[PDB]
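These notes concern the structure reproduced below.
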Amino acid sequence: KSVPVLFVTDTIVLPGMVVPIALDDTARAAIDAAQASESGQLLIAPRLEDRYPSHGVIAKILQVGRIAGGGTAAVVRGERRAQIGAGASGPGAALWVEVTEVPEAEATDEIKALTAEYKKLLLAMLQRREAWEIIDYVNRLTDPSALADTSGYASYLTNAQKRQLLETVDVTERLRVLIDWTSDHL
């Protein structure tokens with residue numbers, strides 16, 4: 001399964017997040033490519049360093065629009081993690097990658113304990129932010145991955161940390177590292 005890929009340097013999109021992305025040359029190429037395709041699918045991947053990243057997030061383009069400063073951003077919603085395979089030039093002038101579905105994770109009882117205690121630290125950290133409205137939603141949230149998502153929007157995590165979350169398909173590994181980073185709130 002082949003999709004146009006857009007590399008981000010300044011956000012990270014995890015499954016479920018909705019983010020604007022300022023479109024550079026490479027990026028509008030990808031956006032154009034995705035809007036032509038059957039599926040409209042867009043792969044969102046962290047910074048290219050010396051290798052294709054192991055994983056990106058399949059995303060749906062919500063809206064493409066001009067923004068302050070004369071440039072354009074695309075609003076995208078992350079849908080699911082995908083493993084990145086082979087690359088090629090493709091339709092349009094986009095970079096195209098073979099992707100495959102990640103396996104979904106069964107609800108281990110220790111995942112539920114990890115998710116429970118990450119939720120406790122998150123609510124404290126949100127309470128420190130006076131993010132009262134978000135505390136409302138986070139209270140109703142039980143989906144570990146969807147909860148693990150929340151930290152993509154966190155301003156106290158580096159984009160390197162967030163990339164490490166993206167590339168960690170293991171939920172119990174994700175929750176644990178999130179517990180550590182969120183537990184840095186002295």
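FYI, nothing fancy with the structure tokens labels: chains A, B, ... in order, residues from 1 per chain, ligands from 1 as they appear.
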
Those in segment 27-75 of chain A with strand (DSSP E) from DSSP, as a short mmCIF file (atom, residue, chain, number, x, y, z; two decimals) with N, CA, C and O atoms, in the first residue's frame:
data_model
loop_
_atom_site.label_atom_id
_atom_site.label_comp_id
_atom_site.auth_asym_id
_atom_site.auth_seq_id
_atom_site.Cartn_x
_atom_site.Cartn_y
_atom_site.Cartn_z
N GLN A 41 -5.10 9.46 1.31
CA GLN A 41 -4.26 9.18 2.46
C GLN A 41 -2.92 9.89 2.34
O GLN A 41 -2.35 10.04 1.25
N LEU A 42 -2.45 10.35 3.48
CA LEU A 42 -1.20 11.07 3.63
C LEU A 42 -0.42 10.41 4.75
O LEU A 42 -0.95 10.20 5.84
N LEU A 43 0.83 10.05 4.49
CA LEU A 43 1.67 9.54 5.57
C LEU A 43 2.41 10.72 6.19
O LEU A 43 3.04 11.51 5.48
N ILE A 44 2.33 10.83 7.51
CA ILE A 44 3.04 11.87 8.23
C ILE A 44 4.13 11.21 9.05
O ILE A 44 3.86 10.30 9.83
N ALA A 45 5.36 11.66 8.84
CA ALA A 45 6.56 11.03 9.35
C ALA A 45 7.49 12.06 9.99
O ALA A 45 7.54 13.21 9.55
N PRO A 46 8.23 11.67 11.00
CA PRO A 46 9.14 12.62 11.65
C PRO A 46 10.31 12.97 10.74
O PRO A 46 10.45 12.41 9.65
N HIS A 55 8.43 4.38 11.29
CA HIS A 55 6.98 4.49 11.29
C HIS A 55 6.55 5.90 10.95
O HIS A 55 7.22 6.87 11.32
N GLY A 56 5.41 6.01 10.27
CA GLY A 56 4.66 7.25 10.21
C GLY A 56 3.22 7.01 10.66
O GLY A 56 2.84 5.90 11.05
N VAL A 57 2.43 8.08 10.59
CA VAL A 57 1.02 8.01 10.93
C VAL A 57 0.23 8.29 9.66
O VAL A 57 0.43 9.33 9.02
N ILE A 58 -0.65 7.36 9.29
CA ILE A 58 -1.62 7.64 8.24
C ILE A 58 -2.56 8.74 8.71
O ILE A 58 -3.05 8.73 9.85
N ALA A 59 -2.82 9.71 7.83
CA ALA A 59 -3.61 10.87 8.18
C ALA A 59 -4.59 11.21 7.06
O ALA A 59 -4.38 10.89 5.89
N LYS A 60 -5.65 11.90 7.45
CA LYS A 60 -6.63 12.44 6.53
C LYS A 60 -6.50 13.96 6.52
O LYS A 60 -6.41 14.59 7.58
N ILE A 61 -6.46 14.55 5.32
CA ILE A 61 -6.45 16.00 5.20
C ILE A 61 -7.86 16.52 5.47
O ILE A 61 -8.81 16.18 4.76
N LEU A 62 -8.00 17.33 6.52
CA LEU A 62 -9.27 17.99 6.77
C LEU A 62 -9.42 19.22 5.88
O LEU A 62 -10.39 19.32 5.11
N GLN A 63 -8.47 20.16 5.97
CA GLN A 63 -8.55 21.44 5.27
C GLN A 63 -7.17 21.97 4.90
O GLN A 63 -6.22 21.88 5.69
N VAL A 64 -7.09 22.57 3.72
CA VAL A 64 -5.91 23.28 3.26
C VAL A 64 -6.29 24.74 3.05
O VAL A 64 -7.25 25.05 2.35
N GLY A 65 -5.53 25.63 3.69
CA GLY A 65 -5.83 27.04 3.67
C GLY A 65 -4.63 27.94 3.90
O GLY A 65 -3.69 27.60 4.63
N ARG A 66 -4.65 29.10 3.25
CA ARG A 66 -3.75 30.21 3.53
C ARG A 66 -3.74 30.57 5.01
O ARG A 66 -4.70 30.30 5.74
N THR A 72 0.66 28.71 3.43
CA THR A 72 -0.46 27.79 3.54
C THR A 72 -0.16 26.70 4.55
O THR A 72 0.96 26.18 4.60
N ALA A 73 -1.19 26.34 5.33
CA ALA A 73 -1.13 25.18 6.21
C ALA A 73 -2.22 24.19 5.84
O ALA A 73 -3.27 24.56 5.30
N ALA A 74 -1.97 22.92 6.13
CA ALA A 74 -2.96 21.86 5.97
C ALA A 74 -3.34 21.32 7.34
O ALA A 74 -2.47 21.03 8.16
N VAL A 75 -4.64 21.19 7.58
CA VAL A 75 -5.12 20.58 8.82
C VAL A 75 -5.25 19.09 8.56
O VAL A 75 -5.94 18.67 7.62
#

> Where does DSSP see alpha helix (DSSP H) in segment 61-114 of chain A, if you list the residues as number ranges by chain?
Replying inline: A: 109-114

Keeping N, CA, C and O atoms for every residue in the selection just given, could you write it to a file as a PDB file, in the first residue's frame?
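Just written: part-v1.pdb:
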ATOM      1  N   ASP A 109      -3.897  -6.500  31.356  1.00  0.00           N
ATOM      2  CA  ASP A 109      -4.300  -5.928  32.626  1.00  0.00           C
ATOM      3  C   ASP A 109      -3.237  -5.028  33.229  1.00  0.00           C
ATOM      4  O   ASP A 109      -3.570  -4.166  34.042  1.00  0.00           O
ATOM      5  N   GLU A 110      -1.968  -5.217  32.864  1.00  0.00           N
ATOM      6  CA  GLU A 110      -0.916  -4.304  33.314  1.00  0.00           C
ATOM      7  C   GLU A 110      -0.863  -3.042  32.437  1.00  0.00           C
ATOM      8  O   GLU A 110      -0.397  -1.985  32.877  1.00  0.00           O
ATOM      9  N   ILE A 111      -1.305  -3.133  31.178  1.00  0.00           N
ATOM     10  CA  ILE A 111      -1.560  -1.934  30.386  1.00  0.00           C
ATOM     11  C   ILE A 111      -2.600  -1.071  31.091  1.00  0.00           C
ATOM     12  O   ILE A 111      -2.441   0.148  31.191  1.00  0.00           O
ATOM     13  N   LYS A 112      -3.668  -1.688  31.620  1.00  0.00           N
ATOM     14  CA  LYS A 112      -4.693  -0.903  32.307  1.00  0.00           C
ATOM     15  C   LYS A 112      -4.160  -0.266  33.590  1.00  0.00           C
ATOM     16  O   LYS A 112      -4.581   0.837  33.945  1.00  0.00           O
ATOM     17  N   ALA A 113      -3.218  -0.910  34.282  1.00  0.00           N
ATOM     18  CA  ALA A 113      -2.625  -0.267  35.454  1.00  0.00           C
ATOM     19  C   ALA A 113      -1.676   0.857  35.050  1.00  0.00           C
ATOM     20  O   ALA A 113      -1.651   1.914  35.692  1.00  0.00           O
ATOM     21  N   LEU A 114      -0.874   0.645  33.999  1.00  0.00           N
ATOM     22  CA  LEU A 114      -0.018   1.714  33.497  1.00  0.00           C
ATOM     23  C   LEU A 114      -0.863   2.895  33.040  1.00  0.00           C
ATOM     24  O   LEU A 114      -0.625   4.039  33.446  1.00  0.00           O
TER      25      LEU A 114
END

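The protein and nucleic acid residues lying at most 10 Å from residue 37 of chain A are residues 2, 3, 4 and 91 of chain A, with only C-alpha atoms considered and sequence neighbours fewer than 6 positions away removed.
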
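Closest approach to residue 171 of chain A among A:5, A:186, A:124, A:102: A:102, based on only C-alpha atoms.
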
>> Just want the 12 Å neighbourhood of residue 143 of chain A, counted on only C-alpha atoms, with same-chain residues fewer than 5 positions away dropped. Output as a PyMOL selection string.
In response: chain A and resi 15-16+105-107+111-112+114-116+118-119+137-138+148-150+171+175

Restricting the output to N, CA and C atoms, write the selected residues as a PDB file, in the first residue's frame.
ATOM      1  N   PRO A  15      -1.732   9.053  16.206  1.00  0.00           N
ATOM      2  CA  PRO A  15      -3.114   8.685  15.855  1.00  0.00           C
ATOM      3  C   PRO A  15      -4.128   9.362  16.765  1.00  0.00           C
ATOM      4  N   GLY A  16      -5.077  10.071  16.136  1.00  0.00           N
ATOM      5  CA  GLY A  16      -6.115  10.811  16.804  1.00  0.00           C
ATOM      6  C   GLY A  16      -5.874  12.316  16.886  1.00  0.00           C
ATOM      7  N   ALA A 105      -3.237  -3.485  19.721  1.00  0.00           N
ATOM      8  CA  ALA A 105      -2.733  -4.074  20.956  1.00  0.00           C
ATOM      9  C   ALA A 105      -3.896  -4.493  21.843  1.00  0.00           C
ATOM     10  N   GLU A 106      -3.869  -5.752  22.295  1.00  0.00           N
ATOM     11  CA  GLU A 106      -4.898  -6.280  23.183  1.00  0.00           C
ATOM     12  C   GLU A 106      -4.735  -5.681  24.585  1.00  0.00           C
ATOM     13  N   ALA A 107      -5.846  -5.601  25.321  1.00  0.00           N
ATOM     14  CA  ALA A 107      -5.910  -4.817  26.560  1.00  0.00           C
ATOM     15  C   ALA A 107      -5.426  -5.645  27.756  1.00  0.00           C
ATOM     16  N   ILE A 111      -1.305  -3.133  31.178  1.00  0.00           N
ATOM     17  CA  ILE A 111      -1.560  -1.934  30.386  1.00  0.00           C
ATOM     18  C   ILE A 111      -2.600  -1.071  31.091  1.00  0.00           C
ATOM     19  N   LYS A 112      -3.668  -1.688  31.620  1.00  0.00           N
ATOM     20  CA  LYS A 112      -4.693  -0.903  32.307  1.00  0.00           C
ATOM     21  C   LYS A 112      -4.160  -0.266  33.590  1.00  0.00           C
ATOM     22  N   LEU A 114      -0.874   0.645  33.999  1.00  0.00           N
ATOM     23  CA  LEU A 114      -0.018   1.714  33.497  1.00  0.00           C
ATOM     24  C   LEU A 114      -0.863   2.895  33.040  1.00  0.00           C
ATOM     25  N   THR A 115      -1.884   2.620  32.222  1.00  0.00           N
ATOM     26  CA  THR A 115      -2.783   3.675  31.756  1.00  0.00           C
ATOM     27  C   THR A 115      -3.439   4.396  32.925  1.00  0.00           C
ATOM     28  N   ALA A 116      -3.829   3.655  33.954  1.00  0.00           N
ATOM     29  CA  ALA A 116      -4.418   4.314  35.110  1.00  0.00           C
ATOM     30  C   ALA A 116      -3.424   5.273  35.762  1.00  0.00           C
ATOM     31  N   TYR A 118      -0.512   6.666  34.515  1.00  0.00           N
ATOM     32  CA  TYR A 118      -0.215   7.790  33.637  1.00  0.00           C
ATOM     33  C   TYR A 118      -1.350   8.811  33.674  1.00  0.00           C
ATOM     34  N   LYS A 119      -2.595   8.343  33.654  1.00  0.00           N
ATOM     35  CA  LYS A 119      -3.722   9.264  33.721  1.00  0.00           C
ATOM     36  C   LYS A 119      -3.643  10.142  34.969  1.00  0.00           C
ATOM     37  N   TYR A 137     -12.188  16.212  29.572  1.00  0.00           N
ATOM     38  CA  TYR A 137     -12.042  15.140  28.587  1.00  0.00           C
ATOM     39  C   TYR A 137     -11.131  14.028  29.079  1.00  0.00           C
ATOM     40  N   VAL A 138     -10.016  14.380  29.702  1.00  0.00           N
ATOM     41  CA  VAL A 138      -9.075  13.329  30.041  1.00  0.00           C
ATOM     42  C   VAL A 138      -9.683  12.408  31.087  1.00  0.00           C
ATOM     43  N   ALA A 148      -2.374   8.136  25.553  1.00  0.00           N
ATOM     44  CA  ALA A 148      -0.974   8.372  25.209  1.00  0.00           C
ATOM     45  C   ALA A 148      -0.840   9.492  24.191  1.00  0.00           C
ATOM     46  N   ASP A 149      -1.841   9.629  23.323  1.00  0.00           N
ATOM     47  CA  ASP A 149      -1.939  10.721  22.358  1.00  0.00           C
ATOM     48  C   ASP A 149      -1.782  12.080  23.030  1.00  0.00           C
ATOM     49  N   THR A 150      -2.575  12.345  24.070  1.00  0.00           N
ATOM     50  CA  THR A 150      -2.614  13.634  24.762  1.00  0.00           C
ATOM     51  C   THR A 150      -1.260  14.321  24.831  1.00  0.00           C
ATOM     52  N   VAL A 171       2.587  -0.347  23.353  1.00  0.00           N
ATOM     53  CA  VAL A 171       1.825   0.516  24.251  1.00  0.00           C
ATOM     54  C   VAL A 171       2.454   0.549  25.644  1.00  0.00           C
ATOM     55  N   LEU A 175       3.452   3.863  27.459  1.00  0.00           N
ATOM     56  CA  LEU A 175       2.939   4.333  28.737  1.00  0.00           C
ATOM     57  C   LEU A 175       4.067   4.525  29.739  1.00  0.00           C
TER      58      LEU A 175
END

> Counting only C-alpha atoms, what is within 12 Å of residue 53 of chain A, bar same-chain residues fewer than 3 positions away, as a list in words?
Replying inline: residues 5, 6, 7, 8, 43, 44, 45, 46, 47, 48, 49, 50, 56, 57, 82, 83, 84, 85, 86, 87, 97, 99, 163, 164, 166, 167 and 168 of chain A

May I have the selected residues written with N, CA and C atoms, as a PDB file, in the first residue's frame?
ATOM      1  N   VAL A   5       4.185  10.943   1.274  1.00  0.00           N
ATOM      2  CA  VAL A   5       4.686  11.141   2.625  1.00  0.00           C
ATOM      3  C   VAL A   5       5.079  12.603   2.803  1.00  0.00           C
ATOM      4  N   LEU A   6       4.762  13.126   3.973  1.00  0.00           N
ATOM      5  CA  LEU A   6       5.126  14.470   4.381  1.00  0.00           C
ATOM      6  C   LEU A   6       5.932  14.353   5.668  1.00  0.00           C
ATOM      7  N   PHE A   7       7.120  14.951   5.681  1.00  0.00           N
ATOM      8  CA  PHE A   7       7.996  14.903   6.849  1.00  0.00           C
ATOM      9  C   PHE A   7       7.803  16.171   7.667  1.00  0.00           C
ATOM     10  N   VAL A   8       7.594  16.025   8.970  1.00  0.00           N
ATOM     11  CA  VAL A   8       7.421  17.167   9.866  1.00  0.00           C
ATOM     12  C   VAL A   8       8.661  17.307  10.744  1.00  0.00           C
ATOM     13  N   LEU A  43       0.830  10.047   4.485  1.00  0.00           N
ATOM     14  CA  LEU A  43       1.666   9.544   5.567  1.00  0.00           C
ATOM     15  C   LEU A  43       2.407  10.716   6.190  1.00  0.00           C
ATOM     16  N   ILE A  44       2.325  10.829   7.513  1.00  0.00           N
ATOM     17  CA  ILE A  44       3.040  11.871   8.231  1.00  0.00           C
ATOM     18  C   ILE A  44       4.130  11.211   9.050  1.00  0.00           C
ATOM     19  N   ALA A  45       5.363  11.661   8.838  1.00  0.00           N
ATOM     20  CA  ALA A  45       6.563  11.029   9.355  1.00  0.00           C
ATOM     21  C   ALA A  45       7.486  12.059   9.988  1.00  0.00           C
ATOM     22  N   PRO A  46       8.230  11.665  10.997  1.00  0.00           N
ATOM     23  CA  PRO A  46       9.139  12.617  11.650  1.00  0.00           C
ATOM     24  C   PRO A  46      10.313  12.971  10.743  1.00  0.00           C
ATOM     25  N   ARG A  47      11.154  13.903  11.178  1.00  0.00           N
ATOM     26  CA  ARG A  47      12.285  14.374  10.378  1.00  0.00           C
ATOM     27  C   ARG A  47      13.084  13.223   9.780  1.00  0.00           C
ATOM     28  N   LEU A  48      13.380  13.330   8.500  1.00  0.00           N
ATOM     29  CA  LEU A  48      14.307  12.407   7.861  1.00  0.00           C
ATOM     30  C   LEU A  48      15.720  12.706   8.351  1.00  0.00           C
ATOM     31  N   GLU A  49      16.436  11.708   8.872  1.00  0.00           N
ATOM     32  CA  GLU A  49      17.776  11.974   9.393  1.00  0.00           C
ATOM     33  C   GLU A  49      18.858  11.311   8.550  1.00  0.00           C
ATOM     34  N   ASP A  50      18.966   9.979   8.581  1.00  0.00           N
ATOM     35  CA  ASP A  50      19.953   9.244   7.791  1.00  0.00           C
ATOM     36  C   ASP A  50      19.354   7.927   7.328  1.00  0.00           C
ATOM     37  N   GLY A  56       5.412   6.010  10.266  1.00  0.00           N
ATOM     38  CA  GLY A  56       4.656   7.246  10.212  1.00  0.00           C
ATOM     39  C   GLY A  56       3.221   7.012  10.663  1.00  0.00           C
ATOM     40  N   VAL A  57       2.434   8.077  10.591  1.00  0.00           N
ATOM     41  CA  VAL A  57       1.017   8.012  10.927  1.00  0.00           C
ATOM     42  C   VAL A  57       0.234   8.293   9.660  1.00  0.00           C
ATOM     43  N   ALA A  82       1.677   3.467  11.030  1.00  0.00           N
ATOM     44  CA  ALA A  82       2.033   2.595   9.923  1.00  0.00           C
ATOM     45  C   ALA A  82       3.538   2.407   9.891  1.00  0.00           C
ATOM     46  N   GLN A  83       3.952   1.203   9.527  1.00  0.00           N
ATOM     47  CA  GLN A  83       5.357   0.906   9.327  1.00  0.00           C
ATOM     48  C   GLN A  83       5.761   1.332   7.916  1.00  0.00           C
ATOM     49  N   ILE A  84       6.914   1.996   7.805  1.00  0.00           N
ATOM     50  CA  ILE A  84       7.380   2.523   6.524  1.00  0.00           C
ATOM     51  C   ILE A  84       8.263   1.498   5.833  1.00  0.00           C
ATOM     52  N   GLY A  85       7.935   1.203   4.572  1.00  0.00           N
ATOM     53  CA  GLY A  85       8.770   0.384   3.710  1.00  0.00           C
ATOM     54  C   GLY A  85       9.545   1.137   2.637  1.00  0.00           C
ATOM     55  N   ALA A  86       9.424   0.703   1.382  1.00  0.00           N
ATOM     56  CA  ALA A  86      10.263   1.181   0.288  1.00  0.00           C
ATOM     57  C   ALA A  86       9.788   2.525  -0.251  1.00  0.00           C
ATOM     58  N   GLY A  87      10.735   3.305  -0.768  1.00  0.00           N
ATOM     59  CA  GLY A  87      10.397   4.614  -1.296  1.00  0.00           C
ATOM     60  C   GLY A  87      10.655   4.764  -2.780  1.00  0.00           C
ATOM     61  N   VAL A  97       5.806   6.163  -0.370  1.00  0.00           N
ATOM     62  CA  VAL A  97       6.302   5.035   0.419  1.00  0.00           C
ATOM     63  C   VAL A  97       5.248   3.933   0.472  1.00  0.00           C
ATOM     64  N   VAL A  99       3.565   1.350   2.791  1.00  0.00           N
ATOM     65  CA  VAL A  99       3.256   1.287   4.215  1.00  0.00           C
ATOM     66  C   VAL A  99       2.452   0.025   4.487  1.00  0.00           C
ATOM     67  N   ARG A 163       8.764  12.114  18.906  1.00  0.00           N
ATOM     68  CA  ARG A 163       9.162  11.156  17.878  1.00  0.00           C
ATOM     69  C   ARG A 163       9.405   9.782  18.477  1.00  0.00           C
ATOM     70  N   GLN A 164       9.950   9.744  19.692  1.00  0.00           N
ATOM     71  CA  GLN A 164      10.188   8.455  20.320  1.00  0.00           C
ATOM     72  C   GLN A 164       8.870   7.778  20.675  1.00  0.00           C
ATOM     73  N   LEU A 166       6.018   8.246  18.845  1.00  0.00           N
ATOM     74  CA  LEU A 166       5.530   7.779  17.553  1.00  0.00           C
ATOM     75  C   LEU A 166       6.138   6.425  17.195  1.00  0.00           C
ATOM     76  N   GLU A 167       7.458   6.330  17.269  1.00  0.00           N
ATOM     77  CA  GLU A 167       8.166   5.158  16.792  1.00  0.00           C
ATOM     78  C   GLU A 167       8.144   3.992  17.771  1.00  0.00           C
ATOM     79  N   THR A 168       7.391   4.106  18.852  1.00  0.00           N
ATOM     80  CA  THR A 168       7.254   3.038  19.834  1.00  0.00           C
ATOM     81  C   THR A 168       5.863   2.422  19.718  1.00  0.00           C
TER      82      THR A 168
END

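Between atom CA of residue 153 of chain A and atom CA of residue 18 of chain A lies a distance of 9.6 Å.
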
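If you count only C-alpha atoms and ignore residues fewer than 5 places along the chain from residue 29 of chain A, what sits within 10 Å of it is residues 4, 5, 6, 23, 24, 34, 92, 93, 94 and 95 of chain A.
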
Those same residues - N, CA, C and O atoms - I'd like them written as a compact mmCIF listing (two decimals), in the first residue's frame.
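Below you can see selection_7.txt, which holds the result:
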# COMPACT_ATOMS: atom_id res chain seq x y z
N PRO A 4 1.63 9.12 -0.44
CA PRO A 4 2.58 10.24 -0.39
C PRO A 4 2.94 10.54 1.05
O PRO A 4 2.12 10.38 1.96
N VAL A 5 4.18 10.94 1.27
CA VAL A 5 4.69 11.14 2.62
C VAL A 5 5.08 12.60 2.80
O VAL A 5 5.63 13.24 1.90
N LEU A 6 4.76 13.13 3.97
CA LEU A 6 5.13 14.47 4.38
C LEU A 6 5.93 14.35 5.67
O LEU A 6 5.48 13.71 6.63
N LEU A 23 2.97 24.27 5.14
CA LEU A 23 3.40 23.51 3.97
C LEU A 23 4.58 24.20 3.30
O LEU A 23 4.43 25.31 2.77
N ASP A 24 5.74 23.53 3.33
CA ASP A 24 6.88 23.94 2.51
C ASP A 24 6.74 23.30 1.12
O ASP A 24 5.70 22.74 0.77
N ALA A 34 -1.76 13.54 -2.19
CA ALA A 34 -2.77 12.83 -1.42
C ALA A 34 -4.18 13.20 -1.88
O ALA A 34 -5.08 12.35 -1.93
N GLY A 92 2.51 12.89 -9.42
CA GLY A 92 2.88 14.21 -8.97
C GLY A 92 4.37 14.26 -8.76
O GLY A 92 5.14 13.42 -9.23
N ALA A 93 4.79 15.27 -8.02
CA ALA A 93 6.17 15.37 -7.58
C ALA A 93 6.27 15.07 -6.09
O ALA A 93 6.97 15.76 -5.36
N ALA A 94 5.52 14.07 -5.61
CA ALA A 94 5.60 13.66 -4.22
C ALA A 94 6.54 12.47 -4.04
O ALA A 94 6.79 11.69 -4.96
N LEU A 95 7.07 12.36 -2.83
CA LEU A 95 7.78 11.16 -2.42
C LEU A 95 6.78 10.14 -1.88
O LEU A 95 5.94 10.47 -1.03

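Closest approach to residue 125 of chain A among A:146, A:33, A:68, A:154: A:154, based on only C-alpha atoms.
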
>> Just want the 7 Å neighbourhood of residue 159 of chain A, counted on only C-alpha atoms, with same-chain residues fewer than 2 positions away dropped. Output as an MDAnalysis selection string.
In response: chainID A and resid 10:12 157 161:163
